[PDB]
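J.: My structure is below; once you've seen it, I'll send some questions.
Here the Cβ is made from the backbone with ideal geometry for all residues, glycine too, and neighbour counts use every protein chain on show. Values quoted throughout were computed directly from the atomic coordinates according to the rules given, and no laboratory measurement underlies them.
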Number of protein chains: 2
Amino acid sequence: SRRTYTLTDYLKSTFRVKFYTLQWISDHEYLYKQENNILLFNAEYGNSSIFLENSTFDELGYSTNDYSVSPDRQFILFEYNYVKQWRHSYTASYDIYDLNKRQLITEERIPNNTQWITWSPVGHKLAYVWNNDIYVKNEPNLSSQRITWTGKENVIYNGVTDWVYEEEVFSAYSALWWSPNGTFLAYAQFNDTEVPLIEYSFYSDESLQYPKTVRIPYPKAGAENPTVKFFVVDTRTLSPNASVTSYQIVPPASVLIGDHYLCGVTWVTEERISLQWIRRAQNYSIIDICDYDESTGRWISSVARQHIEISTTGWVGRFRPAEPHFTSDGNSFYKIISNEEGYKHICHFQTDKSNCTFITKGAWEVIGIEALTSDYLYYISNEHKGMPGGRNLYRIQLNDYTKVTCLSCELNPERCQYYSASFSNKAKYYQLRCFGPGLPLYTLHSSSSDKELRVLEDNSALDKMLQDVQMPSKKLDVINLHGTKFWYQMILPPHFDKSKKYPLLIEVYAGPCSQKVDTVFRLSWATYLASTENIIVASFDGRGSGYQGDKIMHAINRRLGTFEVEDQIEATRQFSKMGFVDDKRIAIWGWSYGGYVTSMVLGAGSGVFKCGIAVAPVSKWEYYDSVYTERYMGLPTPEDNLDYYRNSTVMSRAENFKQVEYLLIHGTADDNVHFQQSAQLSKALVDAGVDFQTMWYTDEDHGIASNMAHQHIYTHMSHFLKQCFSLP
Amino acid sequence: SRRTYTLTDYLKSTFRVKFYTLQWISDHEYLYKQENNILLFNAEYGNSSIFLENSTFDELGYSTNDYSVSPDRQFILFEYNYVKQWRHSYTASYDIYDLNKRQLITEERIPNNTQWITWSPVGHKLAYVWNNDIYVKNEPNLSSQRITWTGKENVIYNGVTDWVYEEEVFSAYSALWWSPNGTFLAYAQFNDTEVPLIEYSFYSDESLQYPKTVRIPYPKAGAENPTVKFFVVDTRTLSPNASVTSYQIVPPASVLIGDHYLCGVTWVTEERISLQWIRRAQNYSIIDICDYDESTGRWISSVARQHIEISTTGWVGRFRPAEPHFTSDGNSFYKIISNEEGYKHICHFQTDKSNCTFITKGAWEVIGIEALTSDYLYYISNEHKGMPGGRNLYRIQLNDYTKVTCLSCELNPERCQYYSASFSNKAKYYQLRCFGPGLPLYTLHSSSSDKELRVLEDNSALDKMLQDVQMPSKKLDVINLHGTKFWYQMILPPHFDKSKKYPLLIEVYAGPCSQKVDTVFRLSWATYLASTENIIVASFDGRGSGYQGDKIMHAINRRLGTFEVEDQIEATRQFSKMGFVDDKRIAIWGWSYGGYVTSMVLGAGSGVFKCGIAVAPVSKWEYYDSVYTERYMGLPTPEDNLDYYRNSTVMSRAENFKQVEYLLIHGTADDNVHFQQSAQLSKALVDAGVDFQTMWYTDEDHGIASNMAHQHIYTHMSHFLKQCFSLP
Ligand SMILES: *[C@@H]1O[C@H](CO)[C@@H](O[C@@H]2O[C@H](CO)[C@@H](O[C@@H]3O[C@H](CO)[C@@H](O)[C@H](O)[C@@H]3O)[C@H](O)[C@H]2NC(C)=O)[C@H](O)[C@H]1NC(C)=O
Ligand SMILES: *[C@@H]1O[C@H](CO)[C@@H](O[C@@H]2O[C@H](CO)[C@@H](O)[C@H](O)[C@H]2NC(C)=O)[C@H](O)[C@H]1NC(C)=O
Ligand SMILES: *[C@@H]1O[C@H](CO)[C@@H](O[C@@H]2O[C@H](CO)[C@@H](O)[C@H](O)[C@H]2NC(C)=O)[C@H](O)[C@H]1NC(C)=O
Ligand SMILES: *[C@@H]1O[C@H](CO)[C@@H](O[C@@H]2O[C@H](CO)[C@@H](O)[C@H](O)[C@H]2NC(C)=O)[C@H](O)[C@H]1NC(C)=O
Ligand SMILES: *[C@@H]1O[C@H](CO)[C@@H](O)[C@H](O)[C@H]1NC(C)=O
Ligand SMILES: *[C@@H]1O[C@H](CO)[C@@H](O)[C@H](O)[C@H]1NC(C)=O
Ligand SMILES: *[C@@H]1O[C@H](CO)[C@@H](O)[C@H](O)[C@H]1NC(C)=O
Ligand SMILES: *[C@@H]1O[C@H](CO)[C@@H](O)[C@H](O)[C@H]1NC(C)=O
Ligand SMILES: *[C@@H]1O[C@H](CO)[C@@H](O)[C@H](O)[C@H]1NC(C)=O
Ligand SMILES: *[C@@H]1O[C@H](CO)[C@@H](O)[C@H](O)[C@H]1NC(C)=O
Ligand SMILES: *[C@@H]1O[C@H](CO)[C@@H](O)[C@H](O)[C@H]1NC(C)=O
Ligand SMILES: *[C@@H]1O[C@H](CO)[C@@H](O)[C@H](O)[C@H]1NC(C)=O
């Protein structure tokens, strides 16, 4: 050791962090890909048997990037020819392989350019989306039956989301939900007819003589939104000479009354489905539990089965309302909602009663419900040690809320404080995934006695490599702001010399319900900055941040660009007091919402920051999408919140940029935060006579994620920072 | 002490160079705007009188952008609501003011958004284009008569040029030509139905929620071109219930056979018109002189009145074939063409004979023919002192070509070496316009005696201001490359000390027929760089440059990006050996073709240049327009010149940029050299792992000309240069 973690190490991922991905297929069995082949591991004993030999991969077309085995284990889908679209959406080609006959299905194949495909929950039916229309295949070798005929590029989407539902509502491209036993196929249809189009140039390969213009129906704040229709198809009658039997379920009257969004769909039993709707304002949601009427095929709703959730001080949920988790019988459900104290906790609801009963409580929050059995409820929370940036698995007895045990807290306390879990079909077994503060660790456990069972991946290899590099140390702590304790973290350079003044880089996100301070282990750009360049990188979660109750999260309601920006400045000011920080060399950077906050901070005229870098920042809320923007800002009209939309633009702070060195970066093909945002920001700075630097990235999107652009952007930002900090 | 010429001096135009713009309206009178009053000057005796008092402008109620007086002096057109389109095109509102009854015409007004308007050459008829159609108004107070009905946005243009004809052929938006006595109105119709559209985003004011997509029919190299039709309208028959009497004149068969361009229109007499056409290849042009047949109304062509001009070593003319200058009777004409030695000289042609006689000859070139009488021909050439970068007015006796006199050469030999001239009707008087090397000097002269009559503007005001500043000096000289002498200029810092080593900035354009080395006086960014920052700024005209004969100019025929780039490197190499050049600090910069050459030089890997700045550069010829590109490069097909198109891209040299500091600048709304060119170049540099700097300019066009962007770009470039040269 006498070498550090370099920029090249980060960019080339020279130090590999291993993981362990598996797919549960029963209550005690899971599939795992080891050396290209799919093995069938038995959780209980660990006796692994080959389920699908490697080499059986004849590089069909390209390379199989994913597989899915039908529930009855008779077939397996091979996904290849992956073509990305937005954040979650993509199209791909699919091959169906018969596990019995061990033959490739060669007739009635899945179309090229398939948008979404899924096996039914039992058996082996298939439902897929192609050219915006839904198709169902009862048997892999049999021809598919067309379900919808209205699909139309950029207009009508059946079974898949449009741009805004994908990014802001579902966080998924799929909008198809098979019923438990495959009798019914539920789907949503999105109509973007009246949604304005964002248009931008895409240059493509150097050989393309004329650039292409990309057009996407994208509703900006206050614009016309897509409309949605939810249908339940009875697949029993699907036949070439038969029409489709379907029923449209509409939201309850209190939501149907105005613009709204469908935000959740949960099958309860084969004859009961739970739909969660939310008004466009997003401070009023309702769960509607509909029952199938065997005599008419209708799905009936009743006021007794409706559950309302509202927020008078903000929006419902973290990014959307939490999903209900029903009991096997469907007579009750558990769901995370805000406490009387503003903390998100699990409440128990009777399907036909309006009052619920909280089963957890405290100045901490449940992150999510992971599994439910007739006797226990497993959930993730940040209760342990009172640190909101930590995560642990817990089990609570359904007939005695006094009985709650933490399953992961003590397994490896110093190496593991941030966990996620994956349960087998009947919660009989669960994989624990520890992400930090130590090297990631994957383990298998049995719910019986919570026995450690075995280690799946401990990253021993990475550990060996790292003991030879001067790694920086990551510390978390708290600071007081306006009478409130907030968390921060600092990545400190190795062989830290307290007698020296180190330049400081604040990495910020700060969007509503964000969390930049946690105990997750990361080999990041910051690791390089601290290890090789001796720069301290700090992050702070202030007002508007999440997992600490609504009082803190809702503080920025209807006022984005205010308290979260001010808190970054105030916190940095506190950090600057430390004798080991060179207060004359403090920078700030961020991506997306973080680019916005970085810019707002730099335009605050605080005198605290010397320079900063904003990557793909929002610059004006009217330019961002309706769903996200309106959830936090209401509408941009004088009758509502136009005044706060107007004085929260970065452009309104243009003059103050004369005091700092600024680097504005943006991908020209960003379909999310449009290049427009940075183009308008640069124009305002030019108008104000302010000098600054820019870097556009041709054809890169919101992630500036291509291999060469990824390397180029961090290399460019690194040079900008060294220049700002007078570092050789 | 003494203040230097600062960046702010340049940016704010603190030092104002005055001029004297007049409009000849007869053989001895000219209008001149003075203190916003239009004055009428008599050259015969120097006396003047008020033509229009400025009180009139006060009464209009809008900012008058320009005015145009009818030839019979009874009316004046007032242009307002000016909205720029491309380099020459724009739209505007117009009022007609009756000078007799001194009242504004309020009836049958000219439509707003008018695209072009012009008085007839005699009287006061008006012809104008609105919504791509032509209208004629015999009287200011009378209703106009529509002439064409095919006008269609982005498809059919009547009376005005489409994008490429405006920029590359006519260097004007107008495509209408009244006959000498107003009998006929000729116009061209352009059809862009099959021309591909370039599309790019325009962001507009910050309040525009969604960007707009600008679309322009623009033929890039090898693409489908606009087609053209030429018509002569007989305006004597225009009447509300009369059809339009017109005749279409088609090109001669040697041009009609394939794609071609109309490149010139010259009215000879009321019954004779000269049309100049060129094949799409641009090395074959033909003049077709058509005569009006009074018995049928048609315009007749004859092989006897056709004159062919070709080029076997390159293209025809400098940027277009030179225009013919006809005698008053139309029986012969004078036109500049390349002679047997490859130098452009004046040839005398008989309208109905094929052979011509050269009246000028020598190792220098005639720039243009300025005026012609029955006895003399006046022209501008760079014959004096054999310096290609100088310009003087000569007069040649038509009956004895050996009798040639230089009218401007000895007027002010040290102050004035570069002149342009403007002759009155019948060439009785001329204004001489001296542009350098000293301060601009405008004088008036009598042709009968060649007496100087008077000084119109001598810039005494500016001269004074400049004595208190440390102005740099501009030196011109020659060097030998490959055995050919070429010219260069150096702008030298004040108190230039032969001993001291200075950083060097090469300012380059170097496109075909360019001339960056001349004796013109200029207050430029270079002036500031020399005066204040002590940087030597040099320019060099190498192979491909103009005004030095075809051997030099056509050297880069079919090979753009080769010799002109190599010559800039070689010249600079020689400069760095002059002892007063700090070879550790040599930079190069340019705009448009200059940005392309700057990039190619930086990508050459010569180790000569430390850094460079390309502004709105061409990066790949297939991205530029057909007319310009094909003129010098032919077609991008394997059958023609694809190979030289392929290895002349800036992207092909990306790897070599790792050795230099580069700044790429481009306006996002550049309709000429599309932003695409820099977007594809940056993408190739990113792919090659090259770090560099960028600066986009939102909504700026090829000129990056808005007041704020102009100040911003030079400020940004100065900082970059100073950082490259370690200048505080
Ligand atoms: C309308 O026209 C009248 C002329 O009848 C203009 O008046 C003239 O205005 C100019 C501009 O300021 C005056 O010139 C000045 O002369 C002094 C020389 O002592 C010089 O130092 C200044 O730089 C400038 O050149 C001129 O004396 C004056 N003439 C008269 C007759 O008063 C008037 O400006 C015009 N109005 C508008 C609003 O354009
Ligand atoms: C998608 O939504 C649009 C409305 O935005 C629907 O268009 C309407 O269709 C009805 C019936 O054909 C017409 O009477 C209206 O005039 C249409 N309105 C507009 C603005 O076009 C369209 O039918 C919907 N498509 C689907 C399949 O649901
Ligand atoms: C937009 O304007 C509001 C109202 O002027 C700003 O809120 C004030 O911020 C100051 C801090 O300078 C506080 O002292 C006041 O208490 C705030 N008043 C209100 C009504 O909350 C807000 O900060 C501005 N937003 C931005 C982005 O600058
Ligand atoms: C494109 O390739 C051609 C052919 O190789 C280049 O032309 C040669 O240029 C070199 C360097 O000046 C000379 O030594 C050869 O005599 C040239 N050969 C020919 C066939 O002309 C040309 O320079 C290249 N163009 C660019 C911009 O790199
Ligand atoms: C297939 O598995 C064997 C071990 O059973 C392994 O050695 C081989 O590399 C695998 N094939 C690959 C690399 O896909
Ligand atoms: C594991 O071994 C048991 C016998 O102990 C056998 O029945 C089972 O099928 C095996 N499963 C796997 C996946 O190896
Ligand atoms: C369905 O229609 C097709 C039409 O070609 C027919 O061949 C088939 O027999 C029909 N289904 C039955 C068997 O009723
Ligand atoms: C929800 O927000 C809207 C503003 O868009 C407001 O009119 C309404 O009163 C809010 N409702 C609640 C429950 O706060
Ligand atoms: C100049 O004087 C002549 C007479 O010598 C006269 O006709 C003419 O109109 C005058 N011009 C002006 C503008 O004063
Ligand atoms: C323009 O050209 C198109 C073919 O490119 C032709 O069909 C059309 O008739 C022409 N229009 C006119 C008005 O000449
Ligand atoms: C032209 O015809 C119209 C009738 O359509 C009539 O009003 C007008 O008087 C006519 N003008 C002429 C030139 O006779
Ligand atoms: C004009 O150019 C064409 C195509 O580039 C070529 O075939 C022809 O030889 C040229 N004509 C002359 C006289 O050079």
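J.: Quick one: order A:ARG305, A:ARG646, A:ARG2, A:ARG272 by neighbouring beta-carbon count within 10 Å, fewest to most.
T.: The fewest-first ordering by Cβ neighbours comes to A:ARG2, A:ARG646, A:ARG305, A:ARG272.
J.: Can I ask one more? Can you pull the mean other chain C-beta count within 10 Å for peptide A:195-202?
T.: Mean shielding by partner chains, rounded to a whole number: 4.
J.: Running Debye on segment A:31-180 with equal point scatterers at the Cα sites and no solvent, what base-10 log of I(q)/I(0) appears at q = 0.15 Å⁻¹?
T.: Debye output, listed in q order: -0.84.
J.: Summarise the long-distance tail of P(r) for segment A:213-313 by giving the % of C-alpha pairs beyond 23 Å.
T.: 38
J.: B:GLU194 label point, 7 Å along Cα→Cβ, cut-off 12 Å on backbone N: hits in segment B:250-268?
T.: Under 12 Å, as judged by backbone N against the label point of B:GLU194, lie B:258-260 of segment B:250-268.
J.: Rounded to two decimals, what ratio of Rg to Rh does segment A:551-647 give with C-alpha atoms and a Kirkwood Rh?
T.: With Rg and the Kirkwood Rh in hand, the quotient comes to 1.03.
J.: If you take each beta carbon of peptide B:687-695 and count the beta carbons of other chains within 10 angstrom, what is the mean?
T.: Average per residue, whole number: 5.
J.: What distance in nm separates the two pseudo spin-label positions at B:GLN659 and A:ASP329, each 7 Å out from Cα along the beta-carbon direction?
T.: Roughly 8.2 nm, to one decimal.
J.: For each of A:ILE289, B:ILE713, count neighbouring Cβ atoms within 10 Å of the residue's Cβ, then give the residues from fewest to most.
T.: Ranked by crowding around the Cβ, least crowded first: B:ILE713, A:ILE289.
J.: List the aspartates and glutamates whose Cα lies under 14 Å from the Cα of A:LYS498, skipping any in the same chain that are fewer than 8 positions away.
T.: Within the straight-line limit of under 14 Å, A:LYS498 reaches these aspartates and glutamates: A:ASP582.
J.: Using the scaling law 2.2 N^0.38 Å as the reference, what is the normalised Cα Rg of segment B:464-605?
T.: 1.04
J.: How would you rank A:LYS658, A:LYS403, going from fewest to most other Cβ atoms within 10 Å of each one's own Cβ?
T.: If I rank by nearby Cβ atoms, fewest first, I get A:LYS403, A:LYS658.
J.: Share of Cα-Cα pairs in segment B:378-537 beyond 19 Å, in percent? Mind dumping the intermediate values first?
T.: Numbers: 7926 of 12720 pairs.
Here the long-distance tail beyond 19 Å is 62 percent of all Cα pairs in segment B:378-537.
J.: A follow-up question, please. Please give me the summed charge of the neighbours of B:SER301: other residues whose Cβ is under 14 Å from its Cβ, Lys and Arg +1, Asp and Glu -1.
T.: Value of the local net charge: -2.
J.: Apply 1/(1 + (r/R0)^6) to the Cβ-Cβ distance of B:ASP463 and B:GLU53, taking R0 = 25 Å, and write down the FRET efficiency to the nearest 0.05.
T.: About 0.20, to the nearest 0.05.
J.: Additional query: When you look at the Cβ of every residue in A:585-592, what mean number of other chain Cβ atoms sits within 10 Å?
T.: If you average over the peptide's residues, the count of other-chain Cβ atoms is 0.
J.: Still on this model: Report the antiparallel proportion of the DSSP beta bridges in segment B:471-728 as a percent, rounded to a multiple of 5.
T.: Approximately 40 percent, going by the DSSP bridge assignments.
J.: Relative to a virtual label point 7 Å from the Cα of B:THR150 in the Cα→beta-carbon direction, which members of segment B:183-198 show backbone nitrogen distances below 19 Å?
T.: B:185-196
J.: Work out the charge dipole of chain B with +1 on the Cβ of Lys and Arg and -1 on the Cβ of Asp and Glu about the Cα centre, then indicate which of B:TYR502, B:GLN711, B:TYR187 is farthest towards its positive end.
T.: B:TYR502
J.: Still on this structure: Over all Cα pairs of segment A:471-728, how is the pair count split among 5 Å bins, expressed in % and running from 0 up to the last occupied bin?
T.: 1, 6, 13, 18, 20, 18, 13, 7, 3, 1, 0, 0
J.: Still on this model: Lone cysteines in chain A, defined as no other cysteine's Cβ under 4.7 Å from theirs: which are they?
T.: A:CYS263, A:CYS290, A:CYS513
J.: Report the relative contact order of segment A:1-470, percent, no decimals, based on alpha-carbon pairs under 8 angstrom and at least 6 residues apart.
T.: 9
J.: Compute the Rg/Rh shape ratio of the protein assembly as shown: radius of gyration over Kirkwood radius, all on alpha-carbon atoms.
T.: Computed over Cα atoms, the ratio is 1.03.
J.: While we're looking at this one, here's another question. With each pseudo-label sitting 7 Å past Cα toward Cβ, what's the B:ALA705-B:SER26 distance in nm, one decimal?
T.: A separation of 3.5 nm, rounded to one decimal place.
J.: Over 32 Å between Cα atoms, which of B:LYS353/B:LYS620; A:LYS344/A:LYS428; B:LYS485/B:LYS610; B:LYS220/B:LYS426; B:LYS229/B:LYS516; A:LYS610/B:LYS212 qualify?
T.: B:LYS353/B:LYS620; B:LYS220/B:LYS426; B:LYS229/B:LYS516; A:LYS610/B:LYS212
J.: Once you put a point 7 Å from the Cα of B:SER420 and another 7 Å from the Cα of B:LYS551, both along the Cβ direction, what distance in nm separates them?
T.: The two pseudo-label positions are separated by 3.1 nm.
J.: Pull out a ≥ b ≥ c, the square roots of the eigenvalues of the alpha-carbon gyration tensor of chain A, then state rounded if a/c is under 1.5, prolate if not and a/b is larger than b/c, and oblate in the remaining case. Present the calculation step by step, with values, prior to reporting the outcome.
T.: Details: a/c = 1.43, a/b = 1.32, b/c = 1.08.
In terms of gyration-tensor shape, rounded.
J.: Could you go through segment B:626-638 in sequence order and give the Karplus-derived ³J(HN,Hα) for each residue, using 6.51 cos²θ - 1.76 cosθ + 1.60 with θ = phi - 60°, rounded to whole Hz, and x for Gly and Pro?
T.: 4, 4, 5, 4, 5, 3, 9, 10, x, 9, x, 10, x
J.: Can you tell me the dipole magnitude for chain A around its Cα centre, using point charges on the Cβ only (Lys, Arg +1; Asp, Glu -1), in Debye to the nearest 20? Each step should come with its number before you reach the end.
T.: Values: 67 positive and 83 negative charges, 386 e Å.
Computed charge dipole of chain A: roughly 1860 debye.
J.: Just to be sure I follow: if Rg is taken over the C-alpha atoms of segment A:207-262 and Rh is the Kirkwood radius over the same atoms, what is Rg/Rh? Each step should come with its number before you reach the end.
T.: Working: Rg = 19.2 Å, Rh = 15.7 Å.
In segment A:207-262, Rg relative to Rh is 1.22.
J.: How many percent of DSSP beta bridges within segment A:489-622 run antiparallel, rounded to 5?
T.: Percent antiparallel among DSSP bridges in segment A:489-622 is about 20.
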